[PDB]
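This document opens with one chain alone, in structure tokens, the form deposited in one PDB entry.
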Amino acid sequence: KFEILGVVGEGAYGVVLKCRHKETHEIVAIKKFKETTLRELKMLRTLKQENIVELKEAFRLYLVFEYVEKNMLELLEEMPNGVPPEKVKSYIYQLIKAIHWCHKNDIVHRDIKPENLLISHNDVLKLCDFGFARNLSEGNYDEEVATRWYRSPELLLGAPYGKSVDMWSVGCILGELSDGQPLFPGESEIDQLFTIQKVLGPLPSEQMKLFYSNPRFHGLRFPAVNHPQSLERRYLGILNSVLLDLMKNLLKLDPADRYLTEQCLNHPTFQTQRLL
């Protein structure tokens, strides 16, 4: 028996309520729709880790989670020019660890964004909202505008979703943590491709080819950018150079060049950081 304290969130995932056990006074988040609740519960049972939100119990279907005090979106609102470089590295390390556990379990998250990065009172980052996650050994949801800001160009172009594009989202979040700004804030899909090339240069031949084969863009003008800026220039005086290197290998335009989790966690940036 839970007393309802408030609404945590509502969307494609459904409705999450902030609740309190009438006996223990513990605060929880209870997820119900009105679907993919059972899929999420299965993945949540598989995915147990310090950087993944804990599912505490299920009943009649409703999922009861640990309630977490904040997300990254609120953190960037309180610190609109970025967080300290130490905190940028700490949060990206923790996020990478959570994605690593997902990927080792053959699960791709598909919706990494500041909104689903919970930051506990002890500053522990936790990933949530597996309502669009997929197991690659099966078959097969999606989201809104803020959720394309973190999407790789090949996905904007319609490629299949895999471990690479979760790594892309990590890089976008790395940048935004460092200066508070969305890195590729398109106002539409096309303006997103422009912003991406304005930083990283022209998409590889194959992505442009998808641009002309994809009827979403029929008759549309390709956003050619003459003079790309570069991330070194984009983040000069913001990221230290080692972490900048890590971000350079998360944001390779060709998904085949992107570091996956094992390589990310082995990067020099996190050498002293893994220990703590």
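Position 1 is the first residue in the sequence shown; the rest follow in order. We call the rigid core the largest set of C-alpha positions that still match within 1.5 Å between the two forms.
Separately, the form deposited in another entry exists; it is not shown, and the next lines address it.
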**Request:** Using a superposition on the rigid core, decide whether the Cα position of residue 27 changes by 2 angstroms or more between the shown form and the other one.
**Result:** no
**Request:** Classify residue 42 as shifted (yes) or not shifted (no) between the shown form and the other one, where shifted means its C-alpha moves by 2 Å or more with the rigid core superposed.
**Result:** yes
**Message:** So, superposing on the core, is the move of residue 259 at the CA at least 2 angstroms between the shown form and the other one?
**Reply:** no
